[PDB]
Amino acid sequence: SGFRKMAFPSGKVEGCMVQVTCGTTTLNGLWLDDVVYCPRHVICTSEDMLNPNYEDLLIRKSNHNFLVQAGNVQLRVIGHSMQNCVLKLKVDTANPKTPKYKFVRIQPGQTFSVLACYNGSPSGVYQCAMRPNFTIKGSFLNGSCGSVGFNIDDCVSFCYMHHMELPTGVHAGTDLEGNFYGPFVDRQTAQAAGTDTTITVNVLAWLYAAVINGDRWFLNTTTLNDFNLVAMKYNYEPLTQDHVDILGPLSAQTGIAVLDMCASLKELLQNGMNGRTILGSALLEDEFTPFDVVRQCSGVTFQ
Amino acid sequence: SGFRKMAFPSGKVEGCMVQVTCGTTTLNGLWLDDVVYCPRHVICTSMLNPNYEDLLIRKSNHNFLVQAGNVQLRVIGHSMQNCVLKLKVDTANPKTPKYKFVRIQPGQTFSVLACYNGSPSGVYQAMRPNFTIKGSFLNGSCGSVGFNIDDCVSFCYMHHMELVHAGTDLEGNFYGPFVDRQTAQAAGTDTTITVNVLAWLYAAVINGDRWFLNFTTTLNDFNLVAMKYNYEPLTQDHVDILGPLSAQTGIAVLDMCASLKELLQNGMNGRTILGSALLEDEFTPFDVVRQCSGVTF
Ligand SMILES: *C(=O)c1ncc(Br)cc1OCc1ccc(C)c([N+](=O)[O-])c1
Ligand SMILES: *C(=O)c1ncc(Br)cc1OCc1ccc(C)c([N+](=O)[O-])c1
């Protein structure tokens, strides 16, 4: 019993963290096979971050300006290229600890674990959602750049690399091909993350988790259009039939129809929680996918 | 920027998890050097009232199947220490980290690697004042362990029972009044970890949330209110442990107690602090500094 924000076991990713140094700039890199991946702004000086011309900046750089550390052993860089916003440093040594892995670009509302890292060494692990506005709400300090986000299915699916801490304390970065999530660019100018919304299908998954664990008081019908008319008023993501189908297997195991749970949530939005808690939270939680809930509640393991 | 309930990196512990079977029962064990550690109720059948030394007498070494991955370990000795079984095996675990066994104190925090059938499921981050923990354990998780890291793993917890959750240190000594038998058992009234909530408010101020800043008070004055609200009383040791946070934020500990007293007596008014609509007590002062200063391992 119980329900917690659970992160994936992080061992397979710990063995892939390295420390990447270019000039005086030092951040984290990801060492898979004979390639190291890090944010391309590792080549930026103090003044260069304000308006970098990365192509011109990287032309001023040869292989020997890139110093890669893995624990103690230096790696020889024998090739460098830029792919979108990530630098790729080919090294002469395949990582012996390379897990089976894939590169993945997730969708708003999906979750993953971040291994927060400084100087190439793991500091901590926690779970995150890709917000609808393509930011993430995490714990990133200067130096955390290059930490990665991942899911595990024995195969590690890397989905996020950390690139930047914005004003308002929001966080942004790229997939592992270097394509930013959201409108952001790797330039130190003020950058607007637009209006966020609440991940509706996730809140519903979490109410199911609440029922599975004996937390039932909010159980109490409505329609998809009626619910969408309420949800839009409270800045909730609209609920599509696809989302109802993703909640199917929770509906089965819990014996509560998707539409009935929407009725319960509609009531919760219009009246708040009156000081009650759900799963020990005083707010409605939207960073659990339906997959997350079934995973935790059916004890899925990895190796 | 930002603040998250953050677990330790779990790699060194992952390498130590094995599956332990005795009869029909299978749960998790911890494999360090040539010794496997697991809850002694692995030997219990369908436990309403077990006599452990009598039940363990009917067991020989070959009655315990220990599997690390696809590899079967050979069991060459077995002994009971308090409520954990210690299975001696013929092979030292190659992946043994530098480690210690420690008994944490109520209010201290740690990470749990939830495990089933010897394989890692997930990691999350307090030992309640009433010696329970509020976790996520399904049937089969028993044997999963709690730990802090310093390159040294401080093993502090082993999971034994879903009542809420309860278990032992790594010498098999239960935290709290519990015993490993399937009778209904009462934990004490649970109370809020006052020094931790304060640490958390310091972290709030560090990240820009200051709306609750307000007045001052006295340790006895505050303690009188903490008592009313089921808070653990604040001692000078607590105040001293919050010292370094007081320096960074420039808010005196006793000034922070006054705001907390206001929050206790006024509620939160529908506002939030670090994204939570409740007061949060599962961050130690150590945790706040580790996260806010990026300590690594
Ligand atoms: C990011 O965490 C980071 N780590 C280490 C270094 Br040396 C530099 C880092 O980023 C600095 C930074 C600051 C602001 C902005 C907007 C960016 N960026 O252009 O993305 C980078
Ligand atoms: C605990 O999680 C567990 N895992 C696997 C098995 Br085969 C058995 C397990 O514990 C069952 C159990 C149930 C209730 C009680 C009170 C105890 N206990 O005596 O501690 C154990």
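Ligands are counted one by one from 1 in listed order, and the atoms in each one are counted from 1 as well. The analysis underlying the following values was restricted to heavy atoms, covering all of them including side chains, and did not include hydrogens, waters or symmetry mates. Letters A, B, ... are given to chains in the order of the sequence lines, protein chains preceding strands, and every chain is numbered from 1.
Residue B/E162 has at least one N or O atom closer than 3.5 Å to an N or O atom of ligand 2. Considering both main-chain and side-chain atoms, A/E165 comes within under 3.5 Å of ligand 1 through a nitrogen or oxygen pair. Checked by distance only, ligand 1 and A/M49 stay at 3.5 Å or farther apart across all their nitrogen or oxygen atoms. At a 3.5 angstrom cut-off on N or O pairs, B/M47 does not count as close to ligand 2.
In summary, B/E282 and B/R128 engage in a salt bridge, as defined by a charged side-chain N under 4.0 Å from a carboxylate O.
Selection from A/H171, A/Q188, A/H41 by nearest heavy atom to atom 16 (C) of ligand 1 gives A/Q188.
In terms of modelled atom types and a separation under 3.5 Å, the side chain of A/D175 and the main chain of A/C159 share no donor-acceptor contact.
For ligand 2, the atoms closer than 4.0 angstrom to any heavy atom of B/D180 are 19 (O), 20 (O). With ligand atoms numbered from 1 in the order given, ligand 2 contributes 7 (Br) to contacts under 4.0 Å with heavy atoms of B/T25. Atoms of ligand 2 lying under 4.0 Å from at least one heavy atom of B/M161, given by number and element, are 18 (N), 20 (O). Residue B/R181 approaches ligand 2 through these ligand atoms, each under 4.0 Å from one of its heavy atoms: 16 (C), 19 (O).
For the ligand labelled ligand 2, residue B/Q185 lies outside the 4.0 Å heavy-atom shell.
Cation-pi contact between B/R103 and B/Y175: present, with separation from the ring centre below 6.0 Å and deviation from the ring axis of at most 45°.
When non-hydrogen atoms are compared, ligand 1 lies under 4.0 Å from neither the backbone nor the side chain of A/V42.
Using a 4.5 Å heavy-atom threshold, the side chains of A/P183 and A/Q191 count as separate.
Residue, atom and distance of the protein heavy atom nearest to atom 11 (C) of ligand 1 are A/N142 OD1, 4.2 Å. In this structure, the protein non-hydrogen atom closest to atom 2 (O) of ligand 1 is A/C145 SG, 2.3 Å.
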Intermediate values then yes/no, side-chain contact (heavy atoms from CB on, under 4.5 Å), A/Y208 and A/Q253: CA-CA 9 Å; A/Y208 273 110; A/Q253 142 195 37; over 6 Å; no

Yes or no on ring-ring contact (aromatic ring centres under 6.0 Å, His included) for A/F288 and A/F3, after CA distance, side-chain angles and deciding distance? CA-CA 10 Å; A/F288 294 107; A/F3 202 75; 4.6 Å; yes

